[PDB]
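Letter by letter, the chains look like this.
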Amino acid sequence: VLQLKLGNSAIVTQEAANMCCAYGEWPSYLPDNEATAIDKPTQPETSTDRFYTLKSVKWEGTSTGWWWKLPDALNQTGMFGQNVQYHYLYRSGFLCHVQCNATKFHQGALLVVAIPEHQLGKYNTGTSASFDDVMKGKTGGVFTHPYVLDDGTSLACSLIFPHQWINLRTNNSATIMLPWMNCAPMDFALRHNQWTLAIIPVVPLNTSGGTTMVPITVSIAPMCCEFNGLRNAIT
Amino acid sequence: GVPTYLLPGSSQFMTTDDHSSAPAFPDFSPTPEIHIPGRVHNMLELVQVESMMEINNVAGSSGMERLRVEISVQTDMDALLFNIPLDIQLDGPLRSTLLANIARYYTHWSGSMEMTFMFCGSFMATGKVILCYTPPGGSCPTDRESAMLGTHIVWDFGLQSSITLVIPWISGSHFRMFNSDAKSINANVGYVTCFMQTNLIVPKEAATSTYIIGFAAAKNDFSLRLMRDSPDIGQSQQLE
Amino acid sequence: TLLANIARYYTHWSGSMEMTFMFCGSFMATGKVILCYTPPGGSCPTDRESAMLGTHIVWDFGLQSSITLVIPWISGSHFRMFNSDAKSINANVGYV
Amino acid sequence: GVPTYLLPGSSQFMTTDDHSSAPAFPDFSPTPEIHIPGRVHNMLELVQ
Amino acid sequence: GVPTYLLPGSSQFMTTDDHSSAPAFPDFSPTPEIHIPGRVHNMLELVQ
Amino acid sequence: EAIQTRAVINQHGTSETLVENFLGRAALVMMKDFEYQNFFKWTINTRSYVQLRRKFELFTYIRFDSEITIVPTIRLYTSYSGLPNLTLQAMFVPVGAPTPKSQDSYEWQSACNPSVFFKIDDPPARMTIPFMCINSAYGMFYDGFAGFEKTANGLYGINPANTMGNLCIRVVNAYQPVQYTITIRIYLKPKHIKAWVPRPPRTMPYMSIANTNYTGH
Amino acid sequence: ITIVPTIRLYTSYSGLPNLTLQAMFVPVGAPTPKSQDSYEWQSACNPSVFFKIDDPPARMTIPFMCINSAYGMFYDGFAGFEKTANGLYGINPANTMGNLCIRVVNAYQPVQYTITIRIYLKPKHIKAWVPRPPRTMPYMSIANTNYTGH
Amino acid sequence: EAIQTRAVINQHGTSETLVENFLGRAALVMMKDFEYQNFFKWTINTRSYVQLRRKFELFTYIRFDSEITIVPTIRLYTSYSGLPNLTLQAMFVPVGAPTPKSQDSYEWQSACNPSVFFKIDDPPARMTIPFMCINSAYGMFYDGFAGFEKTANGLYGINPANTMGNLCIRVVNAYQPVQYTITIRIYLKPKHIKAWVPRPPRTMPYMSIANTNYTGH
């Protein structure tokens, strides 16, 4: 049993921390040669680099799945939320951790997939999704049609995205490290999301004499937060 | 001056020509390229990504039910579990894979294929199943004995939850006869079939019904040729 | 300004800006004023306390008649949405 | 540019001309040639 | 002669093209340039 | 009834499945008619037709230069078969410039918008538009909003930086006595393609042009 | 392939319209158009040539597109085992060369005209194998090498 | 109602803001019609249109060669759509030479004024006129008078050395039976631009073409 410690936050894991780096890239920083032409960002290596543990969700036998949009999930939580609300430019990676608590008599498989630029869609309508439909904060969303990933694609081909499998008879943890995913060096946190952490129950949770409900714990830690300077001298 | 003479097709516009053109903004200086992860150089990199199959071919099953095959204590040894025709152009479990969707943009394909199956039962759930490979032109097995008599692996999913099959070679194309209107369809290039060797054994507290999911992808020797239009959507009539 | 008139001939602009203020009172006239800089996306100050709490210089024009401010970065462009007729205007990039 | 002037028979199509043409499938990569016995290089080989 | 074939946009006139043209006065010998102060090479010099 | 045939597929090499060749095909992106509104105006996009849209939506970020070939055709009405050799003007208007409203609007002499003058009986006009986006690559998908205003909240998935510009085509020649219809075909061939972050293919019918909504079948 | 079009009018001046023509090559693995304004004319994968009547004839080169290493001038066999294929002796589906579809992009003009199309084929990079006795008897069909008297 | 959006503008380099590129755009400098006076006559200047004039008035002295492209269009009246392929003659007359007064005047065969013969159905005519000024550079502004005569006193700001010459365009073909209107578009692209002594931009509406007077708004 090892621990994942980041700043003043620590998470105890079940040694299954075989981290999956998305597209084989570690989140590092804005490169020097890409920062000369744009505004100079500082590096607040403050408490922003800690795990934020959301409220546990209930996995039932009829669950369709849950998704969280980043950085929208942390936009109103802690020092990261403060820095987001006070700075107009941001750039950070993420380290999502998913854990499950179940007995040896439970069964089920979760597909923990990190979908970049997941433009959510609707069903039998022409009007686009409203603001409340997309920006769900730390509560997160719920899939309505997980078979199509709520966007008209296929969950079967979603395996091409950075993903991890949680098979209750093999492991109960997933760890996906997400680098900066954008077409611009930095971006605006308040009205644009880079990643969407989805947890789709491909195989339903089942048992005969079990609890019929197991908790799923999601912990997200911004990795290399960088914001615009708010204290450059004007002399 | 230079004495020149014009050739056939001098003023023609061919949609597949490769010529330089006149720049509209000679001094624009576009936006510098920055590093974006996950670049793709070859479309073949997409088909080697593992993707789920719809191994449940029972009629009436829809949505997520198509992605899993059920093993229960009521299932008797021996019974046929699922059958996967290894043809990526007809309706079958392979139709939903990334490999099939990409290959539908091309006409001829050849190479090897990787296939993986995952048992998603409880921890103490145990049992044996037989995975069989039939080469192209052979007869699909009809019982456990025939499956055992061919190329096969006896899979004990109680011990390990993942098994990987390596298909040696699949191939196919699209054909059209010369002076006939009869349709020509590529023949089958084999099957992969599962037969129950022993009945499922589970504890009292565990569930009596389990599931198996499957994945499929191509190897690094796969190839495609003669890009065409995918008929996946269609529905266009008059080039609107 | 000349900068604005020239930049109106172009679409995208970025870089730093210099700014100077001159006090043209009498010789013995004296006093203190506060010059504040608000970065893009911030709130424009509404009183002296808020201005002092941000990036600022306390300018005593009785001593020196010229003060120079260096703006770190301004940026802007012109935008047009794809399938909508709604007008798109670049957001504010700060105040002085 | 290059000052050029057109010649007689500039736009003509002669059935026996020998000119390169525009490829319709620039990236097709045709089927590799395999050895087939009994190749013929000259029609004179037939009359002997 | 040189076998040539015409391309799309052969006779078009694009307002932003950069091609040499025919001089109307091939032997005019314009007025020599003299030094005039305050030359401008870049429009960026104006905004500073 | 179908004949079950087969062939020994002998092939090798991967140069054909290159992304530069996958998306580097000149495809028809728009086809419009106007009988001498009174002129052709269309914002350039690759989502007009479902096939090209499905091909392009296989990646999240794509950066490419645009090659445009304009193929005009004219059909007369009511009586000889002599098609007039009219002069056409195709002008590219970037995002930061206004577009014309009428046939003789002032924007046709912008002197900053590139324009092409070409004739009906000539080879089709062709010009290359470079990568003009404010970002490093176009976003095939955008999970966000343009701004914070309530107006922008109805524009989910629309990034103003992803617009490609306007192509306005008119007949410079005045109104001839005869009646004619002009058909314009626009062919777009991407060049120097770079693609990032491949995505699952679309499997469901499209319900609109700017929301990725889905319906049955 | 060189396409040579000619137009003759009906009923009254001698002014032949300078129409635009579209010749598209459709490989074996693609559908062919059914009408003048069918959707396949904008395939974007079938190569197409746009050329005018009063221009030099269109010309494009189609490479060796057969699935085999060479075309079979003769085939002693059947496409498959189905009873339908048994009536198709000597027909190898791999030997088809594709379809050439040519249309007038210009709409229906008021006048009436007839378009004549001539297709010229010049093989390049010829390689031939296994010479055969020449045909000495009249052909009875296009796909069976049957023979009759004289 | 306006959406307050923003983008991370990433750019570098100054090659676009070069003066050679700032004033080196081919702009429409004149557009005139004549129904077969009876021919096109116009003295070349860059003050005809307000936009180009405002751009050029940003400097005091400019020296450049002139590239001229003539784009003719013909529209018929009253009945087929067959536009005649007429021959056009554009002749450049320098300042020291007389200009024609009628269609068949003697100056059309000057043999010292350069002339271009081109057809309607051909690519537009194009010729380059070098720097023909008597001074080292053109004067965008002139604070003085041509002479001391009382006639010159009404010509403030007019320097006779700053005239660029005359462009006379006619139809060589005789009067056809049909009635037609010819539209001429003149495009001027400066080359080898050199500019001196930048000036404050014009901020007020122009009241005339040769006095830099100003009025309200």
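Residues numbered from 1 in each chain as written, not as in the entry; some residues may be left out. Chains lettered and ligands numbered in written order. Part of a larger assembly, values for the part shown. Heavy atoms only, no water.

Chemist: How should I be thinking about the overall build of chain G in this particular structure?
Modeler: In terms of regular secondary structure, chain G is built from zero helices and seven strands. Across the 150 residues in chain G, those meeting the buried criterion constitute 41%. Per element, the accessible surface of chain G, about 8500 Å² overall, is 57% carbon and sulfur. Across chain G, the 12 positively charged side chains and the 6 negatively charged ones have centroids separated by 10 Å. (Helix = DSSP H or I, 4+ residues; strand = E, 2+ residues; numbered from the N terminus. Buried < 20%, exposed > 50% of the residue type's maximum accessible area, 1.4 Å probe, protein only. Areas by Shrake-Rupley, 256 points an atom, 1.4 Å probe, with all protein chains shown as cover. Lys, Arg positive; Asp, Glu negative; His and termini not counted. Charge placed at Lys NZ, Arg CZ, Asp CG, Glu CD.)

Chemist: Mind showing me how you'd approach the interface of chain F and chain B here?
Modeler: Interfaces are frequently sized by the accessible area removed from exposure as the parts join. In this assembly, 61 residues from chain F lie in contact with 61 residues from chain B. Between chain F and chain B, the buried area comes to about 5300 Å², and carbon and sulfur atoms account for 59% of it. Summed over the three residues of chain F that lose the most area to chain B, namely F:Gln11, F:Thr17 and F:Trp196, the buried surface amounts to 12% of that side. The tally of links between chain F and chain B comes to three salt bridges. Here F:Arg54 and B:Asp232 are joined by a salt bridge, their closest N and O atoms 3.2 Å apart. For the pair chain F and chain B, the interface holds 29 residue pairs in polar contact. Where the side of chain F that touches chain B is concerned, the elements lending two or more residues are β1 (3-5), α1 (19-22), β2 (27-34), α2 (50-56), β4 (59-76), β7 (125-129) and β10 (180-198) of chain F. (Contact = heavy atoms within 4.5 Å. Buried area = accessible area lost by both parts, 1.4 Å probe. Salt bridge = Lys/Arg side-chain N within 4 Å of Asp/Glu carboxyl O. Polar contact = N/O pair within 3.5 Å; in protein donor to acceptor, adjacent residues only side chain to side chain.)

Chemist: Would you explain the interface of chain F and chain H in this entry?
Modeler: Taken together, the 29 residues of chain F in the interface contact 33 residues of chain H. Carbon and sulfur atoms make up 53% of the area that chain F and chain H hide from each other, which totals about 2500 Å². Between the two partners, chain F and chain H, sit 13 residue pairs in polar contact. Here the side of chain F that touches chain H is built from residues that sort into 18 nonpolar, eight polar and three charged. (Nonpolar A, V, L, I, M, F, W, Y, C, P; charged D, E, K, R; others polar.)

Chemist: In this structure, what is going on with the sheet that holds strand β11 (residues 141-142) of chain A? I would like to understand it.
Modeler: Strand pairing in a sheet relies on backbone hydrogen bonds, with the paired strands running either antiparallel or parallel. If you walk across this open sheet you meet the five strands as β11-β7-β14-β10-β12 (chain A), and the pairing is antiparallel. Of all the strands in the sheet, just β11 and β12 (163-167) of chain A have a single pairing partner and so form its edges. (Pairing = 2+ DSSP bridges.)

Chemist: Just to check I follow, could you spell out the relation of the copies chain F and chain H for this structure?
Modeler: Two copies of a chain can be linked by a rotation about an axis combined with a shift along that same axis. Overlaying chain F on chain H yields an RMSD of 0.0 Å, the required transformation being a rotation through 72 degrees with an accompanying axial translation of 0.0 Å. What the superposition gives is, in effect, a five-fold axis relating one chain to the other. Residue F:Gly82 of chain F places its C-alpha closer to the rotation axis than any other residue of that unit, at 5.3 Å. Take the interface residues of chain F: only 14% of them recur as interface residues in chain H, which is what a contact between different surfaces looks like. (Least-squares fit on C-alpha atoms.)

Chemist: Would you mind going over empty space enclosed by the protein with me for this structure?
Modeler: If you roll a probe as big as a water molecule over the atoms, it shows you where there is empty space left. The volume enclosed by the largest cavity comes to roughly 270 Å³. Residue lining of the largest cavity: 20 residues in total, with C:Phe82, F:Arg47, F:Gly139, F:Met140 and F:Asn162 positioned closest to the centre. Class assignment for the residues of the lining of the largest cavity results in 11 nonpolar, eight polar and one charged. (1 Å grid on protein atoms, 1.4 Å probe; cavity = no way out; pocket = protein on both sides within 12 Å on 5 of 7 lines; lining within 4 Å. Points joined across faces, edges and corners; volume = space filled by probe spheres on them.)

Chemist: I'm lost on the pattern of salt bridges in this one. Help?
Modeler: Between side chains of opposite charge, a pair can form when the charged atoms approach closely. Counting across every chain of the model gives 23 salt bridges over all chains. The salt bridge partner of C:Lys32 is C:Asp60, with a shortest N-O separation of 4.0 Å. Here C:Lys32, found in strand β2 (residues 32-37), pairs with C:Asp60, found in strand β3 (residues 55-60); they are 28 residues apart in sequence, far enough to count as distant. Residues joined by salt bridges that share partners form a network here, namely B:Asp17, B:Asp18, F:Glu67, F:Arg126 and F:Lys189.

Chemist: Would you mind going over the packing of aromatic side chains with me for this structure?
Modeler: Each aromatic ring pair is summarised here by two numbers: the centre-to-centre distance and the angle between the ring planes. Residue and element names in this part refer to chain F. Summed over all chains, the structure comprises 42 aromatic pairs over all chains. Each ring, one from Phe39 and one from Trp108, has its centre 5.5 Å from the other, and the planes form 75 degrees; the classification is edge-to-face. Comparing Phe39 with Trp108, the two get one shared label, buried. Both rings, one in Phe56 and one in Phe64, keep their centres 5.8 Å apart while their planes meet at 40 degrees; by these two values the pair is tilted. Like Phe64, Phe56 is buried. (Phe/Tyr/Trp six-rings, centres within 6.5 Å; stacked < 30°, edge-to-face > 60°.)

Chemist: Help me understand unusual backbone geometry, please; the structure alone is not making it clear to me.
Modeler: Backbone geometry follows two general trends: most residues other than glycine have a negative phi, and most peptide bonds adopt the trans configuration. The amide bond that connects A:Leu70 to the next residue, A:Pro71, takes the cis arrangement and shows omega of 0 degrees. Tracing the sequence through the fold places A:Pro71 in the loop between β7 (66-70) and α2 (78-86). Going from B:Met77 to B:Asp78, the amide bond is cis rather than trans, its omega being 5 degrees. Within the element layout of this structure, B:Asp78 appears in the loop between β6 (69-72) and β7 (80-85).

Chemist: Just to check I follow, could you spell out the pairing of strand β5 (residues 87-93) of chain F for this structure?
Modeler: Along any regular strand, the residues point their side chains to alternate faces of the sheet. Residues and elements named next belong to chain F. β5 sits mainly inside the fold: seven of its seven residues count as buried. Side chains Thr87, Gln89, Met91 and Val93 project from β5 onto one buried face, and the interleaved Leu88, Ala90 and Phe92 project onto a second face that is buried too. Two strands pair when backbone bridges link them, and β5 and strand β6 (residues 115-119) are joined in this way by five bridges, in the antiparallel orientation. Paired with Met91 across the two strands is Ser115, which belongs to β6.

Chemist: I tried to follow the nonpolar core on my own but got confused; where do I start?
Modeler: The nonpolar side chains of a soluble globular protein tend to be buried, and buried together. Within the largest apolar cluster, 135 residues are counted, with the highest numbers of intra-cluster contacts made by A:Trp165, B:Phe117, F:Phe59 and F:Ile186. If we skip the residues at most four places from it in the chain, F:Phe59 touches B:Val40, B:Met43, F:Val19, F:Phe22, F:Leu23, F:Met140, F:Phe141, F:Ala195, F:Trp196, F:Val197, F:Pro198 and F:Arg199. Counting residues in hydrophobic clusters, the runner-up holds 52 residues, among them H:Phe56, H:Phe92, H:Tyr180 and H:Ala195. (Core = buried A, V, L, I, M, F, W, Y, C linked by side-chain atoms within 4.5 Å.)

Chemist: Help me understand the side chain of A:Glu117 in this model?
Modeler: By the element assignment, A:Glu117 lies in the loop between β10 (107-116) and α3 (131-134). At 3.3 Å, the side chain of A:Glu117 and the side chain of A:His192 are in polar contact. The residues contacting A:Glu117, other than those within four sequence positions of it, are A:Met181, A:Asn182, A:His192, A:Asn193, A:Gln194, F:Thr60, F:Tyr61, F:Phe141, F:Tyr142, F:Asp143 and F:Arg199.

Chemist: Can you walk me through the sheet that holds strand β6 (residues 113-120) of chain G in this structure?
Modeler: Here we have four strands laid out as an open sheet, ordered β2(D)-β4(G)-β1(G)-β6(G), and mixed in their pairing. Of all the strands in the sheet, just β2 (22-23) of chain D together with β6 of chain G have a single pairing partner and so form its edges. Pairing geometry for β2(D) and strand β4 (residues 58-61) of chain G, over two bridges, is parallel. Bridge pairing in β4(G) places D:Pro23 opposite G:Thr61.

Chemist: Looking at this structure, I do not really get the environment of H:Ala152. What am I missing?
Modeler: All names here are of chain H. With respect to the secondary-structure elements, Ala152 resides in the loop between β8 (138-139) and β9 (166-171). Relative accessible area serves as the criterion here: at 9%, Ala152 is assigned to the buried category. A sequence separation of 43 residues divides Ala152 from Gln109, and the C-alpha atoms of the two residues are 33 Å apart. Not counting residues up to four positions away in its chain, the partners in contact with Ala152 are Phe145, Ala146 and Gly147.

Chemist: It is not clear to me how the environment of C:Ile57 should be interpreted in this structure. Could you clarify?
Modeler: Positionally, C:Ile57 belongs in strand β3. Residues C:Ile57 and C:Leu35, 22 residues apart in the sequence, show an inter-C-alpha distance of 5.4 Å. Beyond its immediate chain neighbours, meaning those up to four positions away, C:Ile57 contacts A:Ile234, A:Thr235, C:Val33, C:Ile34, C:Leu35 and C:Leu69.

Chemist: Is there a simple way to explain the state of the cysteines in this structure?
Modeler: Residue and element names in this part refer to chain F. Following the criterion strictly, the structure yields zero disulfides over all chains and no others. There is no disulfide at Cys112, and the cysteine sulfur nearest it, in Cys168, is 15 Å away. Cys112 gets classed as partly exposed once you look at its relative accessible area, which sits at 41%. (Disulfide = S-S within 2.5 Å.)

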